[PDB]
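**Q**
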Amino acid sequence: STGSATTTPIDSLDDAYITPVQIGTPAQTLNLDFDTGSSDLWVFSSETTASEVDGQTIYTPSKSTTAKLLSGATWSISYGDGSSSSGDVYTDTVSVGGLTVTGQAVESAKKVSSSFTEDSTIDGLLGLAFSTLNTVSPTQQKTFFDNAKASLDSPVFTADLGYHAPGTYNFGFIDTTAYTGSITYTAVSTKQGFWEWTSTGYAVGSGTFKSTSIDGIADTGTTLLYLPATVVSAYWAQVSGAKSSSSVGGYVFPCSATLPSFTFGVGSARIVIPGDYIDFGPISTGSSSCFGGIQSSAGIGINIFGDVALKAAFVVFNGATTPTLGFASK
């Protein structure tokens, strides 16, 4: 089997992407944030504290003939940005882009933090990291991908995120029309439960390539590119007036600037992030200070190849017995 679903930016900044997902019988379609940096499929629901729901579409398990309470199971997750959610668990039928999993754990939120409430466009998350990170207790549950894997034509999914435009998540096949040149594959460590890999270096604008190993994660659920302070300083030094602002919470730059590109290495291959992809616009409405899309990972504890990086590539998440990651230009 295969699946193919369009993913759409939630706003004009590409802060996140939503993909429609069918849950239950008859189908209830919720727009979920596919997150290769976590491993829980959770939704706003009829059980979510009413004051914490503000415009989201909810899953109502009582209206699904295929929903079953997973008795005794609870979940609770905290994300890198400090947001969180928790609740109980149902199993139900879940379909993405025509690919159906029966018996998928659907984690029903009883509580969500303010960041989730305030984002009316995101009805929940669909985790695509390794199932070892799943938070369901006392019986850990599998991700949608892990459940689907055996049925897939090939044990892969691909992320093709757009810049200020829709893109695609495919399951079970590689669309050879969706990228240019060849796909370069690179080793993955699953030791921390992430799609963790080592970039071979970087360049700033038209500058020379610096060969240096940068360990990080491919994370569709993180907006920006978080890299070591040395690398980030080298980038922003090429933008007149750019500075790190503790009051704002990272590097800002004059909105009048033209940003240089940023290149990262995948083996001997190179992925170029255009400068425009690094512009996250005014820090506050009407400001002439703009927020940068490349930020320091210092104090996160891990480098993160988030959407800023991934949307410059066609990315293969290869879940074969020895997982790997593939990157192609597009």
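Position one of the sequence shown corresponds to residue 1 (the authors' numbering), numbered consecutively onward.
Here a beta-carbon is modelled for each residue, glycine too, at the ideal position from N, C-alpha and C.
1) Just to confirm the assignment: which complete beta strand (DSSP E) runs, minimum length 3, are found wholly within the segment 277-319?
2) Using the beta-carbon count (16 or more within 10 Å), is residue 177 buried or exposed?
3) Determine the extent of the beta strand (DSSP E) in which residue 66 is found, giving its start and end residues.
4) According to DSSP, is residue 129 part of a helix, a strand, or is it coil?
5) Below 8 Å on the Cβ atoms is my guess for residue 101 versus residue 157; work out the distance and round it to an integer in Å.
6) Using alpha carbons as the reference points, say which of 161, 91, 170 lies closest to residue 154.
7) Would you mind reading off the limits of the beta strand (DSSP E) that contains residue 235?
8) What residues are listed by DSSP as bridge partners for residue 107?
9) In angstroms with no decimal places, state the Cα-to-Cα distance between residue 318 and residue 193.
10) Hey, which unbroken runs of the beta strand (DSSP E) at 3 residues or more fall wholly within the segment 1-33?
11) Which partner residues does residue 340 have in the DSSP bridge list?
12) Just the Cα atoms here: how many angstroms apart are residue 256 and residue 108?
13) Residue range of the alpha helix (DSSP H) that residue 170 falls in?
14) From residue 68 to residue 165, what does the alpha carbon distance come to, in whole angstroms?
15) For residue 61, count neighbouring C-beta atoms within 10 Å of its own C-beta (all shown protein chains included) and say buried if the count is 16 or more, exposed if not.
16) According to DSSP, residue 215 sits in a beta bridge with which residue or residues?
17) At a cut of 8 Å, does the segment 112-125 reach the segment 73-88 through at least three beta carbon pairs?
18) Is the CB-CB distance between residue 38 and residue 129 below 8 Å?
19) Can you tell me which residues form a DSSP beta bridge with residue 419?
20) Between the segment 29-47 and the segment 132-144, can you find at least three pairs of beta-carbon atoms closer than 8 Å?
21) Go through its chain and collect everything with a Cβ distance to residue 320's Cβ below 6 Å, but skip five positions before and after it.
22) Counting C-beta neighbours from all protein chains within 10 Å, is the total for residue 9 16 or more, i.e. buried, or is it exposed?
23) Thinking residue 266 and residue 184 are a contact (beta carbons under 8 Å), I'd like their distance in whole angstroms, please.
24) Locate the alpha helix (DSSP H) running through residue 146, then write down its first and last residues.
**A** Walking through what the data contain:
1) 279-282, 289-292, 294-296, 303-305, 314-318
2) Residue 177 comes out exposed.
3) Per DSSP, residue 66 belongs to no beta strand (DSSP E) and is neither H nor E.
4) coil
5) Here residue 101 is actually not in contact with residue 157; their C-beta atoms are around 13 Å apart, not less than 8 Å.
6) 170
7) Premise fails: residue 235 lies in the alpha helix (DSSP H), 229-236, not in any beta strand (DSSP E).
8) 42, 89
9) 14 Å
10) 3-9, 17-23
11) With the chain covering only 1 through 330, there is no way to say anything about residue 340.
12) Approximately 45 Å between the Cα atoms of the pair.
13) Taken as a continuous stretch (DSSP letters only), residue 170 belongs to no alpha helix (DSSP H), being part of the beta strand (DSSP E) at 167-171.
14) Using only the alpha carbons, I get a separation of about 37 Å.
15) buried
16) 198
17) When C-beta atoms of the segment 112-125 are compared with those of the segment 73-88, three or more pairs fall below 8 Å, so the two segments count as touching.
18) yes
19) Since the displayed the chain opens at 1 and closes at 330, residue 419 lies outside it and no answer follows.
20) yes
21) 155
22) So residue 9 ends up on the buried side.
23) 5 Å
24) 144-148
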